[PDB]
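In structure tokens, one chain follows: the form deposited in one PDB entry.
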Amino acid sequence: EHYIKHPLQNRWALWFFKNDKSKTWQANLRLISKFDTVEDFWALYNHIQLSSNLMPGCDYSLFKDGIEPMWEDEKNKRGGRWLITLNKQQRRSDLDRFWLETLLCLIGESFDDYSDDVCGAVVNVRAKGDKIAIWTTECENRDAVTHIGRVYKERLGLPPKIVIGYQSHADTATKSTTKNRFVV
């Protein structure tokens, strides 16, 4: 009846975004819960919906405690994201897998000397095509951004034929195509 808890390096918060066009974007975001142990992560993951079962327009976000999953956050305003784009068939094939490995990538501190630059990750469930992104705190840190993208792409088994791009939040938020600051 003894249950050991394995600590994580950081405390993490899972966020949920609901699809509702009658409310503003900020009003559709809500905090689910937080955790800082391996056991509490799986407890949360095992009782929430899989990403492939979300209604279109919904998001999941896992960010470090104190960072909100929005581009106006103080830890995100100068940063950016490595973006992955999936087709419709990739949803049943790879969406749930890619998201779980992403979650374990985050909470495992798998980015060597640049783990502190990581802010979180977001998965968007969209009818036009699902997206998964890992957010970093500073888009001008070339060593941090390129290292995080290389580790992330390899840890998710993506073939080298597919090229993933990094984009600044400030550039994305003012888009009137969002150019890539880096490619891996």
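Residues carry their position along the shown sequence, with the first being 1.
Omitted here: the form solved in complex with a partner chain. The next part is about that form.
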{"property": "The partner chain contact at residue 9 in the deposited complex, heavy atom, 4.5 Å", "result": "yes"}
{"property": "4.5 Å heavy atom contact, residue 126 and the partner chain in the deposited complex", "result": "no"}
{"property": "4.5 Å heavy atom contact, residue 38 to the partner chain in the deposited complex", "result": "yes"}
{"property": "Contact of residue 116 with the partner chain in the deposited complex (heavy atom, 4.5 Å)", "result": "yes"}
{"property": "All of 101, 104 and 155 with a heavy atom within 4.5 Å of the partner chain in the deposited complex", "result": "yes"}
{"property": "Which of 132 to 140, 38 to 46, 66 to 74, 145 to 153 sits within 4.5 Å of the partner chain in the deposited complex, heavy atom basis", "result": "38 to 46"}
